[PDB]
Structures are given as C-alpha cells and as structure tokens.
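Q: so I pulled this structure from the PDB, and the sequence comes with it:
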Amino acid sequence: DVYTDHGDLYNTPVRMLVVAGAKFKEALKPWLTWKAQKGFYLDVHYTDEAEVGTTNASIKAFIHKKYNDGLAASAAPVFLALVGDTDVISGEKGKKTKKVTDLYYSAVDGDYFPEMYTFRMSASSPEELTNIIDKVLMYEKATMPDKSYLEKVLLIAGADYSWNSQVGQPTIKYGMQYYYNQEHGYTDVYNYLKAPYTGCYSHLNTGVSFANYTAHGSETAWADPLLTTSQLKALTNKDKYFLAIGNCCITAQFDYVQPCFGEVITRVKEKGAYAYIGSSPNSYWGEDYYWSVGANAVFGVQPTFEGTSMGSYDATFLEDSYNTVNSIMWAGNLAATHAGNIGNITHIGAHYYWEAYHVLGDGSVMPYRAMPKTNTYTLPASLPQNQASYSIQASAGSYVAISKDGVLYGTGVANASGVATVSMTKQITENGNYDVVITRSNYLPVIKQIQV
Ligand SMILES: *CC(=O)[C@H](CCCCN)NS(=O)(=O)c1ccc(C)cc1
Ligand SMILES: [K+]
Ligand code: NA
Ligand code: NA
Ligand SMILES: [Pb+2]
C-alpha cells in the first residue's frame with residue numbers, strides 16, 4: 001500500500017542538497033559545518049551562481065538535475081534545504097491549493113510524491129537565519145543547560161463550538177493515550193481540551209519540547225486560544241526550543257505580505273521554535289484528523305490505535321523510522337492520502353495535502369521523545385592513516401561520522417552487534433585532530449575527537 005511504497009525517505013549515508021540565497025553565505029557556515037560533522041554529505045549552492053539563478057524555473061531545473069544525477073549514481077539527495085524567503089527562492093502556486101508551495105522543488109519532473117525531504121529556513125536577514133541556526137545547534141548538540149523541558153509538551157484542541165468536541169479533542173486525546181504520557185517519559189503533558197484556555201501559552205515560556213495546536217488559524221496567528229506573531233516575539237523560552245505543529249489554516253503561508261506565523265516562530269531570537277510544521281493554504285477538520293491520528297478515524301468517536309492506520313503521532317513514536325521533523329509531516333500527509341484511497345470521508349484530493357503542508361526551520365532535526373538516552377561506544381586511541389574504513393564500536397543503529405574542519409571524511413551505521421564500518425570516502429593522510437560524532441534517534445549526541 002502507500003505506506004509500503006512511499007514510506008520514510010531517510011537513508012544513509014545522509015545526503016543533503018542546499019540551495020541558499022547568496023546573502024546567507026557567512027551566516028549559514030556554522031549550520032553546514034555541524035551537518036557535515038554529524039555525517040551529512042552536503043552539496044551547497046547559492047542563487048548567485050549562473051547554474052542556479054534566482055528564479056523559480058532555473059532553481060527547480062537545477063534541483064531536479066541534481067536529484068536525477070544523484071539517483072543515477074546511487075547517491076540521491078535525502079534532504080533538500082531551501083535557505084531564504086520568497087524574495088530569493090519563490091516557490092510557486094499549488095495546482096490544487098492555489099497558494100504558495102515548495103512541493104515542486106522536490107517532486108521531480110512528473111511524480112506525485114516528493115523525492116526529497118524539503119524544508120525552508122526562511123529568513124529576511126542573515127541575523128534571522130543565525131537565530132534559527134543557533135536554536136537548532138543547541139537542540140541537536142544538546143547543549144541546553146536544563147534538559148527537563150524535554151519531558152514536557154503542550155497540546156491544544158482549540159476553540160470551535162462544534163468541531164472541538166467532534167475532532168479536536170479526539171485528536172489530542174489519541175496523542176495522550178498512546179504516546180504523550182508519563183509511561184513514555186513525559187512528566188508534564190500540558191493539555192487544553194476546551195475553554196478555559198487561560199494559562200496555556202505560559203507553558204511555551206516555562207518550557208516544552210513540543211507544541212501542537214488544532215483548530216482555527218490565520219496567516220499570523222493560532223486563533224483561539226490566541227497566539228499572534230506579536231506574542232511570539234515576546235516569548236521568553238531561552239534555552240528551551242521546541243517543535244511546533246499548527247494543524248490549522250494558513251499559518252505557513254510564507255509568501256504573505258507580512259512574515260507568517262511559521263516564519264516568525266522560527267526566526268525569533270533565543271525563543272520560539274527550531275522548526276514549525278503548518279499549512280500554506282486552508283486545512284480542514286477531516287483531513288487534519290487523519291493526518292494526526294491515522295485513517296479510519298470517525299467524527300465524535302474516540303479513535304483507537306488498533307482501529308486506525310498510521311498517522312503523524314504514530315510515526316513520531318516508531319523507534320526505527322520516521323525520526324526526523326520532515327518525516328512527521330510526511331506521515332501525516334500519507335495518512336490523509338491513505339484515508340482518501342481506502343474511501344474514508346474526504347472532500348479534497350490527497351494532492352492538496354502534499355502541496356499544503358510545509359516545514360519551516362530545520363526539517364532534518366531528529367526530535368527527542370521525552371528524555372533522550374545516553375549512548376554507548378568506544379573511542380579508539382588513534383586512527384591509522386590511509387585506511388579505506390575503520391571499525392568503530394557504537395550501539396546498534398548509531399550513525400558514526402569522522403570529519404575535520406567541516407569536511408566529512410567517512411560515515412557508517414553500527415550493525416546489530418554494535419560495530420560501525422566507517423567507510424572513508426576521503427582517507428586520512430595528514431596528522432591532526434579529527435572529529436568523531438555519533439548520533440542516534442532519541443540519544444544524546446557523542447561529540448569527541450581523535451588525535452592522528
Ligand atoms: C481556516 C482554519 O484554520 C480551519 C482549520 C480547521 C482544521 C483544524 N485542524 N479551516 S475551516 O475548516 O474551518 C475553513 C473555514 C472556511 C473556509 C472557507 C475554509 C476552511
Ligand atoms: K467552524
Ligand atoms: Na493511528
Ligand atoms: Na519515529
Ligand atoms: Pb515570507
């Protein structure tokens with residue numbers, strides 16, 4: 001079925017194509033340096049290059065050729081990072097949504113589904129891009145001073161006199177029943193099922209790892225309980241950055257005359273989110289219900305895990321797969337698509353949802369699920385020069401990367417017996433301190449060095 005044929009795009013070695021506005025060259029460097037250190041093979045291009053350009057058609061042609069060439073060489077990009085607002089990378093109007101979308105950068109030349117996990121670091125200045133990057137680096141390197149906020153979430157079924165009880169509450173209650181609960185490590189599941197909502201957004205300030213709102217939205221607000229872009233700019237969650245998901249209308253409409261909610265929540269300095277998932281056009285109650293919970297969910301009936309297909313919540317908590325921000329969105333879209341395929345009540349085509357939902361901020365982040373675990377490994381005392389590979393001990397499934405000065409030299413995934421064969425695409429031929437990074441979904445990163 002669609003889940004088998006069009007599942008999680010994540011693969012190793014991780015490869016990322018980056019297309020960035022030329023103004024961002026300096027500000028982007030620390031993000032690129034870290035992505036290389038953690039094992040991403042990067043192909044980085046700026047819109048001031050003739051082969052890229054600043055116009056939709058050239059950027060799209062450039063990306064599609066990179067993807068096709070990569071695939072032919074058994075090295076397809078996994079991620080596509082768009083760096084800039086619509087003044088430098090425009091997107092285009094959805095065929096179904098009639099609103100801006102980045103989908104066609106990733107759907108190569110004739111395909112329904114994206115070929116790459118695409119996200120947009122939308123910034124109007126280098127300073128704003130730095131704001132996003134610094135939050136991402138704190139989160140991914142786990143350098144936050146107090147990790148207790150990771151064990152807390154905020155879940156809101158927002159106001160609608162009729163739909164809140166029919167769909168909003170069932171959505172949030174499903175998430176809490178199966179995942180966002182004490183038995184998964186969450187000490188504080190702040191949840192608002194209906195009015196009174198007073199106090200709900202103060203939890204963004206005191207600290208949560210995740211905020212999910214489902215009900216009405218506008219380009220610059222979660223409508224009720226109200227959270228506007230003005231309020232975002234006044235948040236105080238220093239060192240406590242979250243993933244936010246707005247299952248509502250138009251909060252990710254990133255070509256609006258004013259910065260949209262999704263842009264502001266990621267752009268704000270030392271507060272707000274490291275990433276946002278939301279919709280560029282309108283969203284709808286049925287389709288968002290399926291997106292979060294899975295297909296077969298019914299209005300006014302509490303859905304079960306056994307009675308629904310895989311939705312975004314379900315995918316998030318699979319340990320093995322769907323471990324990136326982009327993959328959470330993908331899972332949601334798949335569920336809405338499946339719901340249509342098997343004949344659930346839908347009044348819009350699945351094409352619309354793939355055009356609608358976007359990641360703003362860094363979609364390549366692997367979110368923690370409550371408190372992340374401590375990894376186990378052994379660091380060798382030295383690396384002999386001129387080797388095609390090294391054997392590095394790390395827990396099964398861990399991804400090990402060897403680098404120096406932001407140049408990635410080799411990567412490998414630890415097998416079931418706790419040994420990674422790190423394939424050296426660039427061999428070590430000079431003395432120096434080499435960086436070794438080991439990452440794994442819901443584990444604290446290991447960031448060390450080995451002297452050669
Ligand atoms: C516009 C909006 O935010 C809501 C979101 C509902 C889904 C919440 N998960 N859309 S709507 O269904 O209320 C809607 C209202 C009017 C029009 C013209 C389109 C959609
Ligand atoms: K309504
Ligand atoms: Na489900
Ligand atoms: Na997962
Ligand atoms: Pb914008």
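A: Received, thanks. Residues are numbered from 1 along each chain as shown. Ligands and ions are numbered 1, 2, ... in the order given.
Q: what segments of the protein are helices?
A: With DSSP state H as the criterion, the chain has helices at 2-5, 25-37, 56-72, 103-106, 126-141, 163, 169-178, 202-206, 229-233, 261-267, 285-293, 312-317, 325-341, 350-356.
Q: okay if I get the ones you listed as JSON lines plus distance to residue 443 and mean neighbour count?
A: In this view, the C-beta of every residue, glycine as well, is placed from N, C-alpha and C. As requested, the helices of the chain are exported to JSON lines (distance: least, Cβ to Cβ, whole Å; neighbours: other Cβ atoms under 10 Å):
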{"stretch": "helix 2-5", "distance to residue 443": "26", "mean neighbour count": "12"}
{"stretch": "helix 25-37", "distance to residue 443": "16", "mean neighbour count": "19"}
{"stretch": "helix 56-72", "distance to residue 443": "28", "mean neighbour count": "16"}
{"stretch": "helix 103-106", "distance to residue 443": "28", "mean neighbour count": "24"}
{"stretch": "helix 126-141", "distance to residue 443": "12", "mean neighbour count": "20"}
{"stretch": "helix 163", "distance to residue 443": "39", "mean neighbour count": "19"}
{"stretch": "helix 169-178", "distance to residue 443": "22", "mean neighbour count": "21"}
{"stretch": "helix 202-206", "distance to residue 443": "26", "mean neighbour count": "17"}
{"stretch": "helix 229-233", "distance to residue 443": "30", "mean neighbour count": "17"}
{"stretch": "helix 261-267", "distance to residue 443": "25", "mean neighbour count": "29"}
{"stretch": "helix 285-293", "distance to residue 443": "26", "mean neighbour count": "27"}
{"stretch": "helix 312-317", "distance to residue 443": "15", "mean neighbour count": "23"}
{"stretch": "helix 325-341", "distance to residue 443": "17", "mean neighbour count": "26"}
{"stretch": "helix 350-356", "distance to residue 443": "31", "mean neighbour count": "24"}
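Q: hang on, residue 75 packs against residue 14?
A: No. Residue 75 is beyond contact range of residue 14, at 11.0 Å (criterion: Cβ atoms under 8 Å).
Q: neighbour count winner among the two?
A: residue 14 (22 against 13; other Cβ atoms under 10 Å).
Q: next one: that one from residue 301, what distance?
A: 41 Å (Cβ to Cβ, to the nearest Å).
Q: repeat for residue 361
A: 34 Å.
Q: which non-adjacent residue is nearest residue 338?
A: Counting by Cβ to Cβ, 6 or more residues apart in numbering, residue 295 is the residue found nearest to residue 338 once chain neighbours are left out, at 4.7 Å.
Q: what does the protein put close to ligand 3?
A: Taking Cβ under 5 Å from the ion as the test, the list of the chain residues beside ligand 3 reads 294, 308, 311, 314.
Q: what would these look like in CSV with distance to ligand 4?
A: Compiled in CSV, the residues of the chain next to ligand 3 are given as follows (distance: Cβ to the ion, whole Å):
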residue, distance to ligand 4
294, 14
308, 17
311, 12
314, 9
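Q: okay, now residue 181: neighbour count?
A: Neighbourhood size, residue 181 [other Cβ under 10 Å]: 14.
Q: what sits against the residue in the chain positioned nearest to ligand 3?
A: Nearest residue of the chain to ligand 3, counting by Cβ to the ion: residue 294, 2.7 Å away. By Cβ atoms under 8 Å, 6 or more residues apart in numbering, the residues touching residue 294 are 303, 308-311, 314, 335.
Q: and the closest residue to ligand 5 within the stretch 251-400 of the chain, how many neighbours does it have?
A: Nearest residue of the stretch 251-400 of the chain to ligand 5 (Cβ to the ion) works out as residue 254 at 4.5 Å. As a burial measure, residue 254 scores 24 neighbours (other Cβ under 10 Å).
Q: hmm, it is touching residue 360, no?
A: Yes. With contact defined as Cβ under 8 Å, residue 254 counts as touching residue 360 (6.7 Å).
Q: between those two, which contacts overlap?
A: Residues touching both residue 254 and residue 360 (Cβ under 8 Å, 6+ apart) are 120, 122, 262-263.
Q: what is the nearest of these to residue 86?
A: residue 122 (8.0 Å; Cβ to Cβ).
Q: check contacts around the closest one.
A: Each residue near residue 122 by Cβ under 8 Å, 6+ apart is listed here: 82, 84-86, 254, 262-263, 266-267, 360.
Q: quick one: name the residues of the stretch 1-150 of the chain near ligand 5.
A: So far as Cβ under 5 Å from the ion goes, the stretch 1-150 of the chain lies against ligand 5 at residue 85.
Q: wait, I meant the stretch 151-300 of the chain
A: Residues of the stretch 151-300 of the chain lying close to ligand 5 by Cβ under 5 Å from the ion are residue 254.
Q: what does the stretch 151-300 of the chain have sitting close to ligand 4?
A: Counting by Cβ under 5 Å from the ion, no residue of the stretch 151-300 of the chain is near ligand 4.
Q: which residue sits closest to the residue in the stretch 151-300 of the chain that ligand 4 sits nearest to, ignoring its sequence neighbours?
A: Closest to ligand 4 within the stretch 151-300 of the chain is residue 179: 10.3 Å, counting by Cβ to the ion. Leaving out its chain neighbours, the residue that sits closest to residue 179 by Cβ to Cβ, 6+ apart is residue 317, at 4.8 Å.
Q: likewise residue 85?
A: With Cβ to Cβ, 6+ apart as the criterion, residue 85 has its nearest non-adjacent residue at 4.8 Å, and that residue is residue 122.
Q: phi and psi next, for that neighbour.
A: phi -90, psi 120 (degrees, to the nearest 10).
Q: returning to what we had before: ok, so of the contacts of residue 122, who is nearest residue 379?
A: Nearest to residue 379 among these, with distances taken as Cβ to Cβ, is residue 266, at 34.8 Å.
Q: contacting residues around the closest one?
A: Taking Cβ under 8 Å, 6+ apart, we find residue 266 in contact with 121-122, 132, 135, 272-276, 360-361.
Q: roughly how far apart are it and residue 110?
A: Distance from residue 266 to residue 110, by Cβ to Cβ: 32 Å.
Q: next one: residue 325
A: Look at residue 325 and residue 110: by Cβ to Cβ, they are 27 Å apart.
Q: now residue 190
A: In terms of Cβ to Cβ, residue 190 sits 45 Å off from residue 110.
Q: before we move on, what about residue 434?
A: Counting by Cβ to Cβ, the gap from residue 434 to residue 110 is 43 Å.
Q: same thing with residue 43?
A: 23 Å.
Q: looking at these two, which is more packed in?
A: More neighbours surround residue 43 than the other of residue 43 and residue 110, with 14 against 5 (other Cβ under 10 Å).
Q: contacting residues around residue 413?
A: Residues counted as contacts of residue 413 (Cβ under 8 Å, 6+ apart) are 12, 397-400, 420.
Q: so it bridges to which residues?
A: Residue 413 has these beta-bridge partners by DSSP bridges: residue 399.
Q: need the contact list for the residue of the stretch 151-300 of the chain closest to ligand 4.
A: By Cβ under 8 Å, 6+ apart, residue 179 lies in contact with 313-314, 316-317.
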